[PDB]
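Coming up is one lone chain in structure tokens, specifically the form deposited without the partner chain.
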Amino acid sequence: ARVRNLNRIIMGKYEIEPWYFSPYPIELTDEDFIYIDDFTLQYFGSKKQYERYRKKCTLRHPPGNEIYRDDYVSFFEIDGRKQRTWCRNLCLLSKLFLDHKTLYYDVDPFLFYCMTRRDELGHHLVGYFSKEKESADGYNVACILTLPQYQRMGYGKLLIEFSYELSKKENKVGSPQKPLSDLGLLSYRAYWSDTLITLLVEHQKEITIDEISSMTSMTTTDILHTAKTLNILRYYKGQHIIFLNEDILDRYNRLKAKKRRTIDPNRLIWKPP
């Protein structure tokens, strides 16, 4: 009698192996897989069951308001309390790739911003980031995740950039919840670096900390840490600034050479509560 662990999830054409254990309320059997509907995120122990529900009539995108939509991606804002089932399913899926995550069942305190890529086939959920409706620490992100099958395609940086656009619209600085996984922290460091580098080349050769946080919603701490890492911190005109140098120009051009997609602030149709 085999009592197997969940060793693989079948999502669309993808067969993904979890990185960590997730509390799916499922029976342990001699099989080690479950089906995850790429639209509803519902889990099924049998292909037949999955098929049975797949036929049902359902929207083909996350259950929320589309507050951002460009030719590349869309962002849906979902209130956990309004979509408990879907969000709980999202959290169970997310935990498979997180060392730790708050109780998956309690989604009420969060707002989920799910990003989809649109094809000739429609919407495809590629990642998301949750956010406390009320954060005592002012965290502008709780967990952020790019589904495994879509990682290392630039989606994570888009998720992060979007979280800062919300903060900017809110007229507040923000920073991701600590502690961050290594993957998460390294992604933020790259984003913060790319951001200061782009500002120095496209905005001004010299910029004060205040100006930076005002334009990016990045906190003083994240700005200083990033500036020190790049060796671009100085004192000019009576205050601390970051400055441009050949290294930064080089980095900027290399960044641009990758012709990466970015978020257009003008397409964010959203008002904070």
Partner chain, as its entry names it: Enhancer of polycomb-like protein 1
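Residue numbers count along the first chain shown, from 1. If you superpose the two forms and keep the largest set of C-alpha atoms that fall within 1.5 Å, you have the rigid core.
Checklist entry - Between 71-79 and 160-168, which has the higher average C-alpha B-factor in the PDB entry? => result 71-79 has the higher mean C-alpha B-factor.
Checklist entry - Quick one: higher average CA temperature factor, 187-195 or 84-92? => result Comparing 84-92 with 187-195, the higher mean C-alpha B-factor belongs to 84-92.
Checklist entry - Which one, 212, 28, 232, 224, has the peak C-alpha temperature factor per the PDB entry? => result So the option with the highest C-alpha B-factor is 28.
Checklist entry - Thinking about Cα B factors across the chain, which third does residue 217 belong to? => result Answer is lowest: the recorded C-alpha B-factor places it there.
Checklist entry - Thinking about Cα B factors across the chain, which third does residue 262 belong to? => result Tercile = middle for this residue's CA B-factor.
Item to check | residue 32, C-alpha B-factor rank within chain (lowest, middle or highest third) | outcome: Highest third, going by the recorded CA B-factors of the chain.
Checklist entry - In terms of the chain's CA B-factor thirds, is residue 23 lowest, middle or highest? => result For residue 23, whose C-alpha B-factor we compare with every modelled residue in the chain, the answer is the lowest third.
Checklist entry - Within this chain, which third does the Cα B-factor at residue 38 fall in: lowest, middle or highest? => result Ranked within chain, residue 38 CA B lands in the middle tercile.
Keep in mind that the form deposited with the partner chain bound is missing from the display, and what follows is about it.
Next on the checklist: Against the partner chain in the deposited complex, would residue 136 count as a contact residue? Criterion: heavy atoms within 4.5 Å.
Outcome noted: Residue 136: no, not in contact with the partner chain in the deposited complex.
Next on the checklist: residue 72 versus the partner chain, in the deposited complex: is there a non-hydrogen atom within 4.5 Å?
Outcome noted: No.
Checklist entry - Does the partner chain come within 4.5 Å of any heavy atom of residue 115 in the deposited complex? => result Residue 115: no, not in contact with the partner chain in the deposited complex.
Checklist entry - Heavy atom to heavy atom, is residue 243 within 4.5 Å of the partner chain in the deposited complex? => result Output for residue 243 is no: heavy atoms all beyond 4.5 Å of the partner chain.
Next on the checklist: Just to confirm the contact call: exactly one of 136-144, 77-85, 194-202, 161-169 touches the partner chain in the deposited complex at a 4.5 Å heavy atom cutoff, so which is it?
Outcome noted: The contacting stretch here is 77-85.
Item to check | Candidate from 206, 211, 66, 247 lying within 4.5 Å of the partner chain in the deposited complex - any heavy atom | outcome: Residue within 4.5 Å of the partner: 66.
Checklist entry - Which listed residue (228, 54, 234, 69) has a Cα shift of at least 2 Å between this form and the one not shown, rigid core superposed? => result Single hit from the list, 234.
Next on the checklist: With both forms fitted on the core, check whether the Cα of residue 40 differs by 2 Å or more between this form and the one not shown.
Outcome noted: No, because once the rigid core is superposed, the C-alpha of residue 40 moves less than 2 Å between this form and the one not shown.
Checklist entry - Superposing on the rigid core, do we see a C-alpha displacement of 2 Å or more at residue 133 between this form and the one not shown? => result No: residue 133 shifts by under 2 Å between this form and the one not shown.
Next on the checklist: How about residue 203 - superposed on the rigid core, does its CA move between this form and the one not shown by 2 Å or more?
Outcome noted: After core superposition, the displacement of the residue 203 C-alpha between this form and the one not shown reaches the 2 Å mark, so yes.
Checklist entry - Relative to the form shown here, do the C-alpha atoms of residue 9 and residue 28 sit closer together or farther apart in the deposited complex, given a change of 3 Å or more? => result It is closer: in the deposited complex, the C-alpha atoms of residue 9 and residue 28 lie at least 3 Å nearer than they do here.
Item to check | Note on residue 28-residue 87 C-alpha separation in the deposited complex, which departs from the shown form by 3 angstroms or more | outcome: Distance between the C-alphas of residue 28 and residue 87: shorter in the deposited complex, by 3 Å or more.
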